[PDB]
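Index from 1, following the sequence. Atoms considered below: every heavy atom in the structure, side chains included; atoms not considered: hydrogens, waters and symmetry mates.
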Amino acid sequence: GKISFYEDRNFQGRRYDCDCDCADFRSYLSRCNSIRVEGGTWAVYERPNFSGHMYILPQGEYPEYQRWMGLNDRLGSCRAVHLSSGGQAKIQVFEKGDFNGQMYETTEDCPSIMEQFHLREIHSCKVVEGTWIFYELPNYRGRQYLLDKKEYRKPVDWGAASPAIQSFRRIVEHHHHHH
């Protein structure tokens, strides 16, 4: 289980490897233009100490930041995501803060919450089973937020300065099926 960050594209230039969580790789890489992910899923963060914009990267090779939907080459920390490989995931999303208002429960992915639930925003939520990613825009675009199993009374609790979410999906661990 290892994530390798590279300063230049196509796995060239200075490299920093992480086995688990690293709160600050700024002193080793000035920027990150390609990433190799082996044996797990990571959340990578724009700033040190798990702050700023985040991106989720399943196992794979990412030769340019666009391959992880990155806005730019600024990354400074990462943490391993502890994921299921299977089993139902279930989330409850609320119209209002602190679990007030209408509640919507689903086990399925949602590419447009406006269309499915007539919600513009998610003000609180409970992840009942599994792991989910929230996205600012419809169809799994825009800023991302990782929600593992626990309760989230307000958007701050999933790292957001806004309840503006329009899509969400389950994530499970991606494994190759070797012969």
Side-chain angles (χ1 to χ4, degrees), residues 1 3 21 35-46 50-72 75 78-178:
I3 184 167
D21 299 0
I35 298 173
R36 181 193 333 278
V37 182
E38 304 182 79
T41 298
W42 272 261
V44 308
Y45 293 89
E46 180 186 21
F50 319 110
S51 319
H53 290 232
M54 65 175 300
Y55 308 85
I56 303 302
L57 276 79
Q59 164 173 258
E61 286 198 336
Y62 301 82
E64 298 200 0
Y65 54 77
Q66 291 87 342
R67 289 292 183 90
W68 64 79
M69 302 200 317
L71 287 181
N72 51 56
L75 287 180
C78 64
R79 77 176 197 234
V81 183
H82 297 98
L83 285 182
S84 304
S85 305
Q88 305 195 203
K90 186 193 287 178
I91 189 169
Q92 299 182 332
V93 300
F94 295 80
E95 183 192 11
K96 296 174 185 170
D98 297 292
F99 315 128
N100 289 113
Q102 304 306 115
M103 184 275 280
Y104 305 83
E105 174 185 297
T106 189
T107 59
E108 303 279 350
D109 297 342
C110 187
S112 168
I113 72 166
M114 218 167 284
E115 298 310 295
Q116 183 157 192
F117 303 116
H118 296 344
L119 280 186
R120 299 185 73 80
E121 290 179 335
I122 297 166
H123 284 253
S124 56
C125 83
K126 302 176 183 174
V127 170
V128 180
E129 304 297 353
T131 305
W132 300 75
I133 306 167
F134 273 7
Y135 303 80
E136 179 174 19
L137 298 177
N139 299 308
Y140 317 119
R141 297 303 180 108
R143 191 153 173 180
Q144 291 175 47
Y145 310 91
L146 176 63
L147 283 83
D148 62 7
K149 176 175 176 164
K150 63 178 185 288
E151 299 185 354
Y152 299 81
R153 293 180 99 75
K154 290 294 226 301
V156 55
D157 298 325
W158 60 82
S162 181
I165 296 299
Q166 273 295 312
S167 59
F168 60 68
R169 69 172 149 197
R170 172 185 85 176
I171 184 181
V172 291
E173 196 71 78
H174 296 89
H175 302 284
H176 302 309
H177 181 208
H178 189 81

- Query: Which residue pairs pass the side chain to side chain donor-acceptor pair (under 3.5 Å) test when at least one of the two sits in residues 121-131, sequence neighbours left out?
  - Reply: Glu121-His123, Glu129-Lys149
- Which residues share a ring pair (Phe, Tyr, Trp, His ring centres under 6.0 Å) with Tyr62, sequence neighbours left out: none
- Message: Show the nearest heavy-atom pair for residues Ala89 and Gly130, with the distance to one decimal.
- Response: CB-CA, 4.0 Å
- Item | Under 3.5 Å: donor-acceptor pair, side chain of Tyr55, backbone of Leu71 | yes
- Task: Would you mind reporting whether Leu146 and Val81 have side-chain heavy atoms less than 4.5 Å apart?
- Result: yes
- Message: Quick one, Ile3 with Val37, criterion side chain to side chain contact (heavy atoms under 4.5 Å, CB included). Give me CA distance, side-chain angles, the key distance, then yes/no.
- Response: CA-CA 5 Å; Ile3 184 167; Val37 182; 3.8 Å; yes
- Task: Could you list all the salt bridge (charged side-chain N to carboxylate O under 4.0 Å, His left out) pairs where at least one residue sits in residues 150-163, not counting sequence neighbours?
- Result: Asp98-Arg153, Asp98-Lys154, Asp148-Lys150
- Task: Output the distance between atom CD (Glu136) and atom NE2 (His53), rounded to the nearest 0.5 Å.
- Result: 8.5 Å
- Stepwise, does the side-chain hydrogen bond (donor to acceptor under 3.5 Å, both in side chains) test hold for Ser51 with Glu46? CA-CA 7 Å; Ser51 319; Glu46 180 186 21; over 6 Å; no
- Query: Which value, rounded to the nearest 0.5 Å, describes the distance between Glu61 atom CD and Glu38 atom CD?
  - Reply: 8.0 Å
- Taking the side chain as every heavy atom from C-beta outward, state whether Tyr152 and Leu147 have any pair of such atoms under 4.5 Å apart. yes
- Task: To the nearest 0.5 angstrom, please state how far the NE2 atom of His118 sits from the OG atom of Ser112.
- Result: 10.0 Å
- Query: Side chains of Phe134 and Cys125: does their closest heavy-atom pair fall under 4.5 Å?
  - Reply: yes
- Can you find a pair of side-chain heavy atoms, one from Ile35 and one from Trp68, that are under 4.5 Å apart? yes
- To the nearest 0.5 Å, what is the distance between CZ (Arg143) and CE (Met69)? 12.5 Å
- Item | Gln59 (side chain) donor-acceptor with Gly39 (main chain) under 3.5 angstrom | yes
- Query: Can you check whether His178 reaches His176 side chain to side chain, under 4.5 Å on heavy atoms?
  - Reply: no
- Item | Inter- and intrachain pairs under side chain to side chain donor-acceptor pair (under 3.5 Å), touching residues 81-93, at least two apart | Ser85-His175, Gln92-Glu105
- Query: Looking at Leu119 and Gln166, what are the two nearest heavy atoms and their distance?
  - Reply: O-NE2, 3.1 Å
- Query: Counting only heavy atoms not in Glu108, do more than 12 fall under 6.0 Å of its CD?
  - Reply: no
- Value rounded to 0.5 Å, distance of CG in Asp109 from CD1 in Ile171: 10.5 Å
- Taking C-beta and beyond as the side chain, do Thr41 and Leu57 meet within less than 4.5 Å on heavy atoms? no
- Task: Compare all side-chain heavy atoms of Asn139 with those of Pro111 and state whether any distance is below 4.5 angstrom.
- Result: yes
- Name the orientation class of the two ring planes belonging to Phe117 and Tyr104 (parallel below 30°, tilted from 30 to 60°, perpendicular beyond 60°). tilted
- Query: Between CZ of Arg79 and CG of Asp21, what distance do you get to the nearest 0.5 Å?
  - Reply: 7.5 Å
- Message: Using a 3.5 Å distance criterion without hydrogens, assess whether the side chain of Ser167 forms a donor-acceptor pair with backbone atoms of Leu137.
- Response: yes
- Item | Side-chain heavy-atom pair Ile56, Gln144 within 4.5 angstrom cut-off | yes
- Message: Just to verify, what does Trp132 make a ring pair (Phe, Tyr, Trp, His ring centres under 6.0 Å) with, not counting sequence neighbours?
- Response: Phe168
- Task: Applying ring pair (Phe, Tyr, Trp, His ring centres under 6.0 Å), name anything that partners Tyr135, two or more places apart in sequence or on another chain.
- Result: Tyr140
